[PDB]
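What follows is a single structure, written as structure tokens, with notes after it.
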Amino acid sequence: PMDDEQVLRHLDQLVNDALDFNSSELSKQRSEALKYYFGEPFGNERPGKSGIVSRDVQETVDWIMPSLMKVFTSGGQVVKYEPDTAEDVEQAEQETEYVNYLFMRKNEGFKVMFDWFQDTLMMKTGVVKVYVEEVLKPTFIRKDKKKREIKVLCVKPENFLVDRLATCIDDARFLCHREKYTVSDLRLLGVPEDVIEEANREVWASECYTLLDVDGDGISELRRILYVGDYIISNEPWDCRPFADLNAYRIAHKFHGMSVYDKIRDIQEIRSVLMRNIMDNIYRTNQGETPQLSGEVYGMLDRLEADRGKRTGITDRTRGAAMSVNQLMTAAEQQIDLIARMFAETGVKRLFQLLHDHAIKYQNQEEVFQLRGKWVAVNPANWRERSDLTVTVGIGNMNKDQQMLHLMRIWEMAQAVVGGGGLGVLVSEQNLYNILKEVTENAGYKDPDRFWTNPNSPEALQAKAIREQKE
Amino acid sequence: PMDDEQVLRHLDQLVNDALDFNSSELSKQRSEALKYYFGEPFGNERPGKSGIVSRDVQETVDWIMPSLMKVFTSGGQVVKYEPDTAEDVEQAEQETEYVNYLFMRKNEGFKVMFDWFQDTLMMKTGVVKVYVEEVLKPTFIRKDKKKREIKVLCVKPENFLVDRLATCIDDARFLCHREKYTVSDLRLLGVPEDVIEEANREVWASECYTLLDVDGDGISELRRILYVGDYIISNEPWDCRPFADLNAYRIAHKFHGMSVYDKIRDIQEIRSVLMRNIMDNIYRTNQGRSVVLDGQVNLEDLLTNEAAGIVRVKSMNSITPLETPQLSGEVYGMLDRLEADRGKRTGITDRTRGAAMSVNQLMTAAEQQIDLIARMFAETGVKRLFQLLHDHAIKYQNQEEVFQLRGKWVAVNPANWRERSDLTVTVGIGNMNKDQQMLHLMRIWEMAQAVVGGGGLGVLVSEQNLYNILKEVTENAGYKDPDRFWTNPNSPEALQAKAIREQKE
């Protein structure tokens with residue numbers, strides 16, 4: 001109640017505690033993870049002898065990143081709505097195309113989400129921050145004034161202090177984001193003085209999102225504070241935290257989740273020590289009477305790949321009737337599927353966040369989605385729903401399998417029925433439109449290459465209803 | 001405020017610090033990378049025995065390079081704009097053709113970008129610089145005066161000092177580029193004196209791009225400084241940095257990225273040491289370890305294998321040739337998986353290539369990772385394209401294009417369009433040619449003939465879009481307009497052929 005300065009010291013104490021805990025624990029964990037990733041010596045490499053370290057997490061990343069790239073960065077069909085059936089063609093595909101054509105294709109493409117996966121994998125936490133800027137440079141036709149725009153960036157998760165008792169995104173009572181915000185940004189803000197920290201004095205700044213109440217009442221909503229150096233700040237009530245804090249494994253109820261290093265450290269250790277023992281054996285055999293050993297050790301070497309086989313990389317070969325249907329049961333129940341699954345729903349929250357961040361006010365922009373025309377999306381409905389089913393453990397039928405199955409089955413059916421029964425009884429051109437259309441989006445040429453629409457058109461009456469009837 | 005000389009010493013100190021850090025770390029890393037690449041001995045090779053080194057990164061590079069050549073050095077369809085639907089044919093494909101037909105096909109071809117790729121796979125960073133020069137040699141018809149053109153080149157990446165706290169292109173507060181700029185260039189500029197450094201005196205020069213404020217106010221935009229030797233310089237308010245700092249991997253939050261050497265050094269080391277092991281095993285199996293005493297055979301058995309056959313000692317009859325126990329060929333098995341190691345890292349196409357006869361080239365040879373690799377180059381090259389577009393959006397020339405036809409307006413006053421696209425060559429739709437070839441052709445043609453027999457040409461696609469039907473085939477064959485115009489949308493020949501004789505047949 002009526003707090004103006006005690007909030008500053010309370011936030012400073014929270015920042016210090018988060019610094020201590022997060023820095024010590026998570027920083028040491030990620031340093032160990034990086035040393036394992038980079039093949040750095042584990043410290044047990046005694047001097048005077050080779051301490052070669054074999055990297056194992058790196059190739060695991062090498063297999064699993066491209067799978068994510070296909071399952072996410074492939075078209076705008078990844079995530080949908082399925083809203084009320086009547087009110088879908090008005091906005092559903094329109095809003096979905098807007099949000100994905102913004103995020104991809106307008107917000108540094110895959111780079112932000114690529115680094116998001118990188119952070120959630122190597123360094124145990126993948127989180128990004130959504131923010132706004134102003135568009136400038138009009139003609140003073142092309143008057144680009146008063147336009148404001150929304151970006152998202154990696155938060156540099158090394159600078160993402162947060163209370164450890166959250167275990168979820170919408171549970172943290174104190175969110176800290178550390179940045180530089182150099183003296184140019186300070187003069188843009190208008191502060192005349194400086195802090196402990198040549199014009200550019202490498203100053204450091206921070207931003208805090210936390211629930212508080214300085215109005216002499218009950219606990220109010222989120223508050224955004226531009227706590228830089230205990231100086232002029234930008235205090236403002238907030239509505240939604242734009243963070244996603246991926247854990248990459250959905251660990252038990254804690255804010256951050258364990259990484260690939262936390263599970264393959266033992267495998268890397270055993271591989272490195274056994275190969276070092278192999279080279280030491282080769283040495284002692286070269287100098288030499290010490291009895292020799294057997295190659296069966298190398299045989300166990302093999303199952304270490306099966307170890308990466310048993311953890312994540314079940315596809316030891318290139319890929320793990322009708323020639324191995326469903327791509328051989330998704331390469332014998334590939335786990336990356338479920339991985340993509342939770343990653344998808346994480347993006348779901350982000351897909352909500354930006355939507356609200358866009359549902360307030362952006363601009364009068366239109367879409368080039370297969371056609372000209374899109375209403376002003378500054379006042380849409382949120383629809384309070386989001387769907388990521390068709391790319392994962394749900395329907396999730398990847399391109400080629402459903403492609404070949406549907407095409408050959410419906411084509412043999414169509415020819416058989418046309419010969420025997422006819423087009424009238426079963427599917428007709430009204431739905432042969434969709435028959436062509438699934439192929440169109442299978443090869444990615446939906447509207448422009450092939451229209452093939454003919455539902456009820458001026459060409460329909462003259463072709464389907466005049467000459468096809470009087471022929 | 002009002003700095004004119006302290007800026008010189010400040011930039012000098014920044015240059016020295018960048019020299020120290022970049023030289024030491026990155027230069028030692030790339031020296032090790034080059035020694036690995038060239039098969040140089042690693043330094044562990046004891047004297048008196050072979051130092052054979054097996055090169056492994058070389059074939060990896062020689063396999064990944066051609067794929068990049070196909071996915072980039074093939075047509076100008078790599079990048080599109082897709083602006084507002086109606087206002088695309090005006091500039092979108094027009095500006096796309098301008099930028100591609102200039103960059104490729106007018107700037108020394110693919111060479112530099114090839115090396116650019118080479119850089120990002122060997123130098124650990126692929127970065128190029130974009131500049132301008134003036135056109136000359138008029139007739140005094142062909143009066144070519146004061147024309148200028150925009151070029152791009154390798155920055156000699158050993159001469160690309162930059163602060164280590166950027167982690168991105170548009171984050172560096174100090175960009176340094178070192179060059180020679182010999183005395184001919186100096187006399188062109190007009191400096192009368194020289195520096196510490198025959199007419200050509202191997203002088204060295206540098207250029208700095210850095211944001212500062214010498215006007216007594218807040219930090220201004222970038223500044224371009226021709227800091228050569230603390231002498232006459234060319235300072236200028238600069239806005240755009242023409243660099244791309246590839247890393248070929250999109251590594252974590254740092255400016256320069258690790259390369260193929262930094263991940264395959266262990267593989268090369270183990271391969272070389274094991275093949276040297278194999279040949280040393282061959283040796284010791286050839287000789288056999290014969291041990292003699294002192295006082296007999298003073299000449300060390302002649303290493304037990306010469307043109308003697310009989311050792312001969314003096315009078316003792318024990319003789320101690322011990323046969324070193326043989327090994328098994330199962331060691332060779334690891335040999336195989338080492339290629340699979342190159343398979344597991346980047347080269348999954350161990351064979352020539354990694355229903356409907358392996359659809360989409362068998363899922364791009366079983367999820368070929370280079371796609372995502374190629375992907376990053378896209379989102380890098382886009383920026384460069386945008387950059388060069390600006391270099392042509394300010395002022396380039398009034399010349400036209402030969403894109404399938406004569407006619408192109410002046411390219412000095414387009415909009416920037418503030419966006420590009422890279423979905424047609426990579427992890428996006430972006431599948432290589434023959435997949436679309438086979439799929440589109442047989443599929444849509446068999447639907448078309450079935451409907452023409454059943455429904456007809458009018459109900460589905462007509463010649464207005466049979467135009468495009470032929471067009472995907474033409475672009476797959478590379479002869480789009482001139483060989484096969486096939487246009488007939490609504491034309492004077494259309495009315496006499498499609499609307500007169502075809503209707504009154």
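In the structure tokens, the first chain shown is A, the next is B, and so on; residue numbers restart at 1 for each chain, and ligands run from 1 in the order shown.
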Set the distance at 7 Å and use only C-alpha atoms: which residues neighbour range 284-290 of chain B once local chain neighbours fewer than 4 positions away are removed? I'd like the list as a list in words. residues 280, 304, 305, 320, 321, 322, 323 and 324 of chain B
Quick check: residues of chain B within 7 Å of chain A, only C-alpha atoms, returned as a compact mmCIF listing (two decimals) with N, CA and C atoms, in the first residue's frame.
# COMPACT_ATOMS: atom_id res chain seq x y z
N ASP B 84 1.95 -7.21 -51.81
CA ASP B 84 0.52 -7.09 -52.05
C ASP B 84 0.15 -7.66 -53.42
N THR B 85 -0.98 -8.38 -53.46
CA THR B 85 -1.25 -9.30 -54.56
C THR B 85 -1.26 -8.59 -55.91
N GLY B 218 23.72 12.96 -28.59
CA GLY B 218 23.62 11.53 -28.39
C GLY B 218 24.28 10.75 -29.52
N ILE B 219 24.46 9.46 -29.27
CA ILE B 219 25.16 8.61 -30.23
C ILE B 219 24.42 8.63 -31.56
N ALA B 252 25.15 -21.15 -31.32
CA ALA B 252 24.58 -20.39 -30.22
C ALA B 252 25.11 -18.96 -30.19
N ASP B 266 38.15 -34.68 -33.98
CA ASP B 266 38.31 -35.95 -33.28
C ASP B 266 38.21 -37.13 -34.24
N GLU B 330 38.46 -57.18 -37.12
CA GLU B 330 37.34 -56.46 -36.54
C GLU B 330 37.68 -54.99 -36.27
N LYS B 344 26.97 -39.98 -39.66
CA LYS B 344 26.15 -39.52 -38.54
C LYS B 344 26.25 -38.02 -38.34
N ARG B 345 27.37 -37.41 -38.74
CA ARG B 345 27.51 -35.97 -38.57
C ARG B 345 26.87 -35.20 -39.73
N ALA B 355 5.13 -45.78 -51.43
CA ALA B 355 5.58 -46.44 -52.64
C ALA B 355 6.09 -45.43 -53.66
N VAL B 359 9.51 -41.80 -52.97
CA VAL B 359 8.88 -40.49 -53.12
C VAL B 359 9.76 -39.35 -52.59
N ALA B 366 16.60 -39.54 -47.01
CA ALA B 366 16.40 -39.79 -45.58
C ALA B 366 16.82 -38.58 -44.74
N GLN B 369 20.30 -33.37 -43.83
CA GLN B 369 20.41 -32.22 -42.95
C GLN B 369 20.85 -30.95 -43.68
N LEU B 372 18.52 -27.76 -43.88
CA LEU B 372 18.55 -26.71 -42.86
C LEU B 372 19.82 -25.89 -42.98
N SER B 421 11.83 -13.41 -49.54
CA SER B 421 11.37 -14.76 -49.22
C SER B 421 12.41 -15.76 -49.69
N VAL B 427 14.05 -25.89 -46.55
CA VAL B 427 13.20 -26.62 -45.61
C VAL B 427 11.73 -26.26 -45.78
N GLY B 428 11.45 -25.15 -46.45
CA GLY B 428 10.09 -24.81 -46.84
C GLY B 428 9.61 -25.76 -47.92
N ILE B 429 8.78 -25.29 -48.85
CA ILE B 429 8.33 -26.15 -49.94
C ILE B 429 9.58 -26.71 -50.61
N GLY B 455 -15.60 -34.64 -67.92
CA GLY B 455 -16.24 -33.34 -67.79
C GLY B 455 -15.93 -32.40 -68.93
N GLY B 458 -13.52 -27.10 -70.18
CA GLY B 458 -14.10 -25.89 -69.61
C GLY B 458 -14.31 -25.95 -68.11
N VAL B 459 -14.75 -27.11 -67.60
CA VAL B 459 -15.14 -27.19 -66.20
C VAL B 459 -13.95 -26.96 -65.28
N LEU B 460 -12.86 -27.68 -65.50
CA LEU B 460 -11.60 -27.42 -64.82
C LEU B 460 -10.74 -26.50 -65.69
N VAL B 461 -9.44 -26.47 -65.41
CA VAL B 461 -8.46 -25.63 -66.08
C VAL B 461 -8.67 -25.55 -67.59
N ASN B 468 -0.13 -21.96 -67.55
CA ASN B 468 0.69 -22.30 -66.40
C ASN B 468 1.03 -23.78 -66.37
Would you list the contacts of residue 313 in chain B as a PDB file with N, CA, C and O atoms, in the first residue's frame, taking every protein, DNA or RNA residue within 12 Å and counting only C-alpha atoms, but skipping same-chain residues closer than 4 positions in sequence?
ATOM      1  N   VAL B 291      64.944 -60.365 -30.002  1.00  0.00           N
ATOM      2  CA  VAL B 291      65.736 -59.723 -28.959  1.00  0.00           C
ATOM      3  C   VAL B 291      67.019 -60.522 -28.776  1.00  0.00           C
ATOM      4  O   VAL B 291      66.976 -61.736 -28.542  1.00  0.00           O
ATOM      5  N   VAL B 292      68.156 -59.842 -28.882  1.00  0.00           N
ATOM      6  CA  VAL B 292      69.457 -60.459 -28.691  1.00  0.00           C
ATOM      7  C   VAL B 292      70.103 -59.868 -27.442  1.00  0.00           C
ATOM      8  O   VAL B 292      69.629 -58.885 -26.873  1.00  0.00           O
ATOM      9  N   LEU B 293      71.203 -60.483 -27.017  1.00  0.00           N
ATOM     10  CA  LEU B 293      71.921 -60.047 -25.830  1.00  0.00           C
ATOM     11  C   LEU B 293      73.028 -59.072 -26.229  1.00  0.00           C
ATOM     12  O   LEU B 293      73.161 -58.687 -27.394  1.00  0.00           O
ATOM     13  N   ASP B 294      73.839 -58.663 -25.258  1.00  0.00           N
ATOM     14  CA  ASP B 294      74.956 -57.763 -25.496  1.00  0.00           C
ATOM     15  C   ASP B 294      76.230 -58.562 -25.738  1.00  0.00           C
ATOM     16  O   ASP B 294      76.445 -59.623 -25.147  1.00  0.00           O
ATOM     17  N   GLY B 295      77.078 -58.036 -26.619  1.00  0.00           N
ATOM     18  CA  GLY B 295      78.278 -58.712 -27.050  1.00  0.00           C
ATOM     19  C   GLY B 295      78.124 -59.490 -28.340  1.00  0.00           C
ATOM     20  O   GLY B 295      79.135 -59.840 -28.961  1.00  0.00           O
ATOM     21  N   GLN B 296      76.891 -59.768 -28.755  1.00  0.00           N
ATOM     22  CA  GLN B 296      76.615 -60.416 -30.026  1.00  0.00           C
ATOM     23  C   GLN B 296      75.623 -59.571 -30.811  1.00  0.00           C
ATOM     24  O   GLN B 296      74.678 -59.010 -30.246  1.00  0.00           O
ATOM     25  N   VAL B 297      75.851 -59.492 -32.122  1.00  0.00           N
ATOM     26  CA  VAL B 297      75.059 -58.663 -33.027  1.00  0.00           C
ATOM     27  C   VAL B 297      75.086 -57.231 -32.505  1.00  0.00           C
ATOM     28  O   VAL B 297      74.122 -56.752 -31.896  1.00  0.00           O
ATOM     29  N   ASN B 298      76.222 -56.557 -32.686  1.00  0.00           N
ATOM     30  CA  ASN B 298      76.342 -55.175 -32.234  1.00  0.00           C
ATOM     31  C   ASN B 298      75.445 -54.240 -33.037  1.00  0.00           C
ATOM     32  O   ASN B 298      75.032 -53.191 -32.529  1.00  0.00           O
ATOM     33  N   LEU B 299      75.132 -54.598 -34.279  1.00  0.00           N
ATOM     34  CA  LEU B 299      74.396 -53.719 -35.189  1.00  0.00           C
ATOM     35  C   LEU B 299      72.883 -53.958 -35.150  1.00  0.00           C
ATOM     36  O   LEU B 299      72.223 -54.096 -36.179  1.00  0.00           O
ATOM     37  N   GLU B 300      72.329 -53.968 -33.931  1.00  0.00           N
ATOM     38  CA  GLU B 300      70.892 -53.950 -33.645  1.00  0.00           C
ATOM     39  C   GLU B 300      70.043 -54.797 -34.592  1.00  0.00           C
ATOM     40  O   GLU B 300      68.971 -54.364 -35.035  1.00  0.00           O
ATOM     41  N   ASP B 301      70.514 -56.002 -34.913  1.00  0.00           N
ATOM     42  CA  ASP B 301      69.805 -56.969 -35.747  1.00  0.00           C
ATOM     43  C   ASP B 301      69.509 -56.442 -37.146  1.00  0.00           C
ATOM     44  O   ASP B 301      68.824 -57.119 -37.923  1.00  0.00           O
ATOM     45  N   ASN B 317      73.215 -70.421 -28.732  1.00  0.00           N
ATOM     46  CA  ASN B 317      72.238 -71.162 -29.521  1.00  0.00           C
ATOM     47  C   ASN B 317      70.812 -71.008 -29.002  1.00  0.00           C
ATOM     48  O   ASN B 317      69.914 -71.712 -29.480  1.00  0.00           O
ATOM     49  N   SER B 318      70.571 -70.114 -28.044  1.00  0.00           N
ATOM     50  CA  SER B 318      69.214 -69.943 -27.535  1.00  0.00           C
ATOM     51  C   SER B 318      68.328 -69.255 -28.568  1.00  0.00           C
ATOM     52  O   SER B 318      67.365 -69.848 -29.066  1.00  0.00           O
ATOM     53  N   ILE B 319      68.665 -68.009 -28.920  1.00  0.00           N
ATOM     54  CA  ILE B 319      67.946 -67.189 -29.896  1.00  0.00           C
ATOM     55  C   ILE B 319      66.528 -66.909 -29.410  1.00  0.00           C
ATOM     56  O   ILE B 319      65.760 -67.833 -29.121  1.00  0.00           O
ATOM     57  N   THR B 320      66.155 -65.633 -29.337  1.00  0.00           N
ATOM     58  CA  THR B 320      64.859 -65.225 -28.794  1.00  0.00           C
ATOM     59  C   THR B 320      64.121 -64.348 -29.801  1.00  0.00           C
ATOM     60  O   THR B 320      64.036 -63.123 -29.643  1.00  0.00           O
TER      61      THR B 320
END
Mind pulling up the distance from CA of residue 265 in chain B to CA of residue 282 in chain B? 25.7 Å
Would you please extract all strand (DSSP E or B) residues from range 111-316 of chain A, as assigned by DSSP on the backbone, and give them as a PyMOL selection string? chain A and resi 126+128-135+147-154+162+175-179+205-211+222-225+236-238+246
Taking 5 positions as the minimum chain separation for residues in the same chain, which residues sit within 10 Å of residue 393 in chain B when counting only C-alpha atoms? Answer as a PDB file with C-alpha atoms, in the first residue's frame.
ATOM      1  CA  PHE B 386      18.131  -6.457 -49.308  1.00  0.00           C
ATOM      2  CA  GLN B 387      21.427  -4.694 -48.630  1.00  0.00           C
ATOM      3  CA  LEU B 388      22.376  -4.637 -52.297  1.00  0.00           C
ATOM      4  CA  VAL B 410      14.777   2.695 -63.866  1.00  0.00           C
ATOM      5  CA  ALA B 411      15.836   0.779 -60.756  1.00  0.00           C
ATOM      6  CA  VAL B 412      16.932   3.865 -58.783  1.00  0.00           C
ATOM      7  CA  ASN B 413      13.462   4.666 -57.357  1.00  0.00           C
ATOM      8  CA  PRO B 414      11.774   1.432 -56.224  1.00  0.00           C
ATOM      9  CA  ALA B 415      10.645   0.816 -52.671  1.00  0.00           C
ATOM     10  CA  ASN B 416      12.728  -1.446 -50.463  1.00  0.00           C
TER      11      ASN B 416
END
Sel. of alpha helix (DSSP H) residues, range 266-311 of chain B, as a ChimeraX atom specification: /B:266-287
Can you pull out the residues contacting range 95-102 of chain B? Cut-off 8 Å, using only C-alpha atoms, and skip same-chain residues under 3 positions away; I want them as a VMD selection string. chain B and resid 76 79 to 81 91 to 92 105 to 107 385 388 to 389 401 403 411
Any chance you could export the current selection's N, CA and C atoms as a PDB file, in the first residue's frame?
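Written file, selection_11.pdb:
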ATOM      1  N   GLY B  76      17.353 -18.024 -61.167  1.00  0.00           N
ATOM      2  CA  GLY B  76      17.182 -16.901 -60.268  1.00  0.00           C
ATOM      3  C   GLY B  76      15.926 -16.998 -59.427  1.00  0.00           C
ATOM      4  N   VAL B  79      14.911 -16.525 -54.524  1.00  0.00           N
ATOM      5  CA  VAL B  79      14.320 -15.536 -53.629  1.00  0.00           C
ATOM      6  C   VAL B  79      13.175 -14.827 -54.339  1.00  0.00           C
ATOM      7  N   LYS B  80      12.036 -14.727 -53.659  1.00  0.00           N
ATOM      8  CA  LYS B  80      10.874 -13.971 -54.111  1.00  0.00           C
ATOM      9  C   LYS B  80      10.487 -12.955 -53.040  1.00  0.00           C
ATOM     10  N   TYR B  81       9.476 -12.145 -53.346  1.00  0.00           N
ATOM     11  CA  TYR B  81       9.032 -11.085 -52.447  1.00  0.00           C
ATOM     12  C   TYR B  81       7.609 -11.273 -51.947  1.00  0.00           C
ATOM     13  N   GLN B  91       6.843  -4.809 -59.739  1.00  0.00           N
ATOM     14  CA  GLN B  91       8.222  -4.748 -59.272  1.00  0.00           C
ATOM     15  C   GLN B  91       8.735  -6.050 -58.666  1.00  0.00           C
ATOM     16  N   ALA B  92       7.847  -6.879 -58.109  1.00  0.00           N
ATOM     17  CA  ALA B  92       8.298  -8.029 -57.328  1.00  0.00           C
ATOM     18  C   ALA B  92       9.216  -8.927 -58.146  1.00  0.00           C
ATOM     19  N   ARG B 105      25.554 -13.432 -62.768  1.00  0.00           N
ATOM     20  CA  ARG B 105      25.420 -13.148 -64.194  1.00  0.00           C
ATOM     21  C   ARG B 105      25.849 -11.720 -64.547  1.00  0.00           C
ATOM     22  N   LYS B 106      26.133 -10.880 -63.546  1.00  0.00           N
ATOM     23  CA  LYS B 106      26.760  -9.592 -63.827  1.00  0.00           C
ATOM     24  C   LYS B 106      27.890  -9.234 -62.878  1.00  0.00           C
ATOM     25  N   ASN B 107      28.047  -9.922 -61.751  1.00  0.00           N
ATOM     26  CA  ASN B 107      29.163  -9.689 -60.843  1.00  0.00           C
ATOM     27  C   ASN B 107      29.960 -10.985 -60.767  1.00  0.00           C
ATOM     28  N   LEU B 385      20.918  -9.502 -50.182  1.00  0.00           N
ATOM     29  CA  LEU B 385      20.092  -9.033 -51.283  1.00  0.00           C
ATOM     30  C   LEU B 385      19.411  -7.726 -50.916  1.00  0.00           C
ATOM     31  N   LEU B 388      22.005  -5.099 -50.966  1.00  0.00           N
ATOM     32  CA  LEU B 388      22.376  -4.637 -52.297  1.00  0.00           C
ATOM     33  C   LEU B 388      21.219  -3.898 -52.947  1.00  0.00           C
ATOM     34  N   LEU B 389      19.982  -4.300 -52.639  1.00  0.00           N
ATOM     35  CA  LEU B 389      18.838  -3.557 -53.149  1.00  0.00           C
ATOM     36  C   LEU B 389      18.920  -2.103 -52.718  1.00  0.00           C
ATOM     37  N   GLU B 401      16.351  -4.501 -68.248  1.00  0.00           N
ATOM     38  CA  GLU B 401      16.569  -5.932 -68.110  1.00  0.00           C
ATOM     39  C   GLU B 401      16.290  -6.630 -69.434  1.00  0.00           C
ATOM     40  N   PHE B 403      14.921  -9.731 -69.181  1.00  0.00           N
ATOM     41  CA  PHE B 403      14.189 -10.849 -68.601  1.00  0.00           C
ATOM     42  C   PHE B 403      13.085 -11.301 -69.546  1.00  0.00           C
ATOM     43  N   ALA B 411      15.790   1.457 -62.041  1.00  0.00           N
ATOM     44  CA  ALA B 411      15.836   0.779 -60.756  1.00  0.00           C
ATOM     45  C   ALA B 411      16.414   1.650 -59.647  1.00  0.00           C
TER      46      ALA B 411
END
